[PDB]
Every structure is written in C-alpha cells, then in structure tokens.
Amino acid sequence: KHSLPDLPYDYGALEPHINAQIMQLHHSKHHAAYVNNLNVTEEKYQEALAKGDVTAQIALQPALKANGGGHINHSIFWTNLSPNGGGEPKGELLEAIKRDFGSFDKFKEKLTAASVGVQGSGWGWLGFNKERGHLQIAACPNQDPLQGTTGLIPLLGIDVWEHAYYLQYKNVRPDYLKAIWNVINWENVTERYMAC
C-alpha cells in the first residue's frame, strides 16, 4: 500500500550541484529498497498484531523504523529540491527564520553545523515545534523520521548518509552542504510551513 513516488524532475536536473548518477541511485535503488522492505514489514506486523504476538511486534520495530523512516525521509527530500530552487525564502517563512535564528545566514550556519556534525548516517532537519510555535533544528540518526521520533513537523531535510554525496564530494561533507543550498525548493518548504 506504499509506493515509490516519481521524481518531480529529471535525474540530471540538479546538475552540477548534485550529479545525475547520485540522483538515479538514490531514488531508483535506495528509496525503492526502503519502500519494498516497508511493505513486507507492515504485512508481517499485521499478522503479528492479528494474533496478539507481542514478541513478534517488538522484534519488527527496528525494521519498521528503518524502512518506514527511509520512505518518509526520502519522499520529503525529493520535494525539498528543485532545479529552480536556491536563493532565499520570502514572506512569513523568512520572518519566522529571522525571528528564531537571527538571520537567514545564521540559520544556514546552524543547519549546516547540525548536518555536518552527525556521526555516522543521519539527517539534518529544519522543523516546526507546534507546542512552542517556533522553528527548530534537529538531527536524526539513520532513518529515524523527524515527526515520529521528536514530534517536530518536518519542513526541510538534508540527507547526510554517505550515499547522498560520496560519489561526487567524497569525504568532504562540507562541500556537499554548501552546494545543496543552490537547489533548495523554498516554495515547498513554505508550503509545509503554512500547513502548520
């Protein structure tokens, strides 16, 4: 009941910031595997739940989180990028950013730092805290999804698993983060922000 979403653009549309080979592998191999594994896991959980097998439900948690999170995270990621992206946001989002981070540049700095600081695999996120009513930066390990594990509503995510940049930027994660700002789809981030 979960499917791989089509990319809203061509695999080479984000060049030269993110090359076509990475986009193709990331989408058709990595994301595809997560969706397929997610469907298999949910079916097993339905069976475990149906017979009240608590042990089986708990044993399946890691797989569900990794694959469920993998699907969620990448689905949002594709919409966060655009060949027509880059620049700075405008309107309320920009004001919210100035209000919570001081300036757009300080925000970029904070999110970049959080993303580069991830030890191992993970994601850097700009999220919305509905309880406090303000923007918040958070980093999640592996495929742990933002909302499901922290309660924050995801607005913008940056994948820092090595498969997201290694072929092009190798070990230099900072170079990858510097380039991704040129393809951020602020129109989508704004939409997500307005929704909450």
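All residue numbers refer to positions in the sequence shown, first residue = 1.
Chemist: Check the entry's C-alpha temperature factors for 48 to 56 and 153 to 161, then say which stretch has the higher mean.
Modeler: Stretch with the higher mean C-alpha B-factor: 48 to 56.
Chemist: In the PDB record, does 24 to 32 or 127 to 135 carry the higher mean Cα temperature factor?
Modeler: Between 127 to 135 and 24 to 32, it is 127 to 135 that shows the higher mean C-alpha B-factor.
Chemist: Determine, from the deposited record, the chain-internal third of the Cα B-factor for residue 122: lowest, middle or highest.
Modeler: Bottom third by C-alpha B-factor.
Chemist: Looking at the temperature factor on the CA atom of residue 76, which third of the chain's modelled residues does it land in?
Modeler: Bottom third by C-alpha B-factor.
Chemist: When the deposited Cα B-factors of this chain's modelled residues are ordered and cut into thirds, is residue 144 in the lowest, the middle or the highest one?
Modeler: CA B-factor rank for residue 144: lowest third.
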